[PDB]
Amino acid sequence: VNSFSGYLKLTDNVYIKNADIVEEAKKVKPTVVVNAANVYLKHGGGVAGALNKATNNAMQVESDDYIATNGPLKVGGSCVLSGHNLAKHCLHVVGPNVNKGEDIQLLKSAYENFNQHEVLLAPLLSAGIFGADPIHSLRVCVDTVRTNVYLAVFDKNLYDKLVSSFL
Ligand SMILES: O=C(O)C[C@H](NC(=O)c1ncnc2[nH]ccc12)c1cccc(Cl)c1
């Protein structure tokens, strides 16, 4: 038993809510919150900019030190950093950004990173300003992640569309 609340059950292990992931994180303090990152960990907008803003830019400061030491991530890859005031850990996961011309086939690889953590609060990878089809991303999530994932969908209209079309 965990302390996520009001989540619609999609499958054995995937639950979904129309909620601001930043607000969910502040309320639950999960072990792992997933950031929809880019390879440079430049947290400008979307999930990343919003999470980072909620940490008072501490996420960005930590991320810049990480990149200075390790170089960029791979598209499809991830790293574990602090969750600051939002969670124990933040799993920064790089899905493909369609508006950058990146390979949508890498979405499955991106979701595979979730399997290294027993429970996660997460956004829908490559949705929003990443420009991929959110219905497809949800299908990849359910068909790839085996651990317990709680998806927080910001856009109300998107949430309703995702629920009503889910097979
Ligand atoms: O679920 C959605 O609607 C799509 C979701 N977006 C957000 O979670 C979001 N976007 C902008 N500002 C925000 N502030 C608090 C949350 C938040 C998303 C998912 C993957 C990549 C990106 Cl880039 C965006």
Side-chain angles (χ1 to χ4, degrees), residues 1-39 43 45-51 54 73-84 86-99 102-167:
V1 178
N2 59 62
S3 75
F4 294 79
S5 227
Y7 281 76
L8 203 76
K9 187 176 182 59
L10 294 179
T11 66
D12 179 25
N13 60 305
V14 182
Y15 283 74
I16 198 162
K17 189 177 174 184
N18 180 201
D20 185 318
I21 193 173
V22 178
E23 282 320 311
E24 289 291 307
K26 297 192 213 201
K27 184 176 79 70
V28 177
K29 297 293 243 68
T31 306
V32 177
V33 67
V34 173
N35 181 32
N38 58 57
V39 298
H43 307 304
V47 172
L51 288 172
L73 297 182
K74 300 171 181 177
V75 180
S78 70
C79 67
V80 179
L81 291 174
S82 179
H84 301 276
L86 303 175
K88 190 174 190 299
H89 303 110
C90 179
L91 181 68
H92 295 271
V93 178
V94 184
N97 186 321
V98 176
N99 299 320
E102 288 165 359
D103 189 2
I104 196 52
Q105 296 295 135
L106 287 170
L107 188 54
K108 188 173 183 76
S109 299
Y111 274 116
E112 287 171 342
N113 295 285
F114 288 27
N115 289 322
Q116 301 293 317
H117 303 276
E118 287 202 352
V119 181
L120 313 89
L121 172 61
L124 194 64
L125 296 184
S126 297
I129 68 170
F130 274 63
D133 175 4
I135 294 172
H136 172 67
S137 182
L138 183 54
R139 191 73 258 167
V140 180
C141 180
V142 160
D143 293 343
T144 304
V145 184
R146 300 178 299 283
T147 55
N148 296 140
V149 55
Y150 291 83
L151 296 167
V153 177
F154 183 91
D155 185 289
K156 172 193 188 299
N157 283 331
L158 172 57
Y159 174 82
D160 293 342
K161 177 178 179 63
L162 284 171
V163 172
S164 76
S165 60
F166 182 82
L167 214 202

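For reference, positions follow the sequence shown, starting with 1. Side chains are part of it too, since the values below use all heavy atoms of this structure and drop only hydrogens, waters and symmetry mates.
- When side chains are defined from C-beta on, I16 does not count as touching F166, because their heavy atoms never get closer than 4.5 Å.
- Sequence neighbours left out, the pairs with a member in residues 114-140 that pass ring-ring contact (aromatic ring centres under 6.0 Å, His included) are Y111-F114.
- The side-chain heavy atoms of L138 and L151, taken from C-beta on, include a pair separated by under 4.5 Å.
- Side-chain contact between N148 and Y15 is absent, with no heavy atoms from C-beta onward closer than 4.5 Å.
- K27 is listed as a side-chain neighbour of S5, based on a closest heavy-atom distance under 4.5 Å.
- What you find for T144 and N115 is that their closest heavy atoms are O-ND2, 3.2 Å.
- By the 6.0 Å contact criterion, CG on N99 is enclosed, its count of non-hydrogen atoms from other residues, nucleotides or ligands being greater than 12.
- The nearest pair of heavy atoms linking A25 to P30 is O-CD, 3.7 Å.
- The side-chain heavy atoms of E118 and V32, taken from C-beta on, include no pair separated by under 4.5 Å.
- In this structure, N113 contributes its side chain and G76 its backbone to a donor-acceptor pair below 3.5 Å.
- The aromatic rings of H43 and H92 sit parallel to each other, their planes meeting at less than 30°, with 60° as the upper class boundary.
- Counting all heavy atoms, side chain and backbone alike, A54 lies closest to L86 at CB-CD2, 4.0 Å.
- Without hydrogens or angle criteria, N35 side chain to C90 main chain gives no donor-acceptor distance under 3.5 Å.
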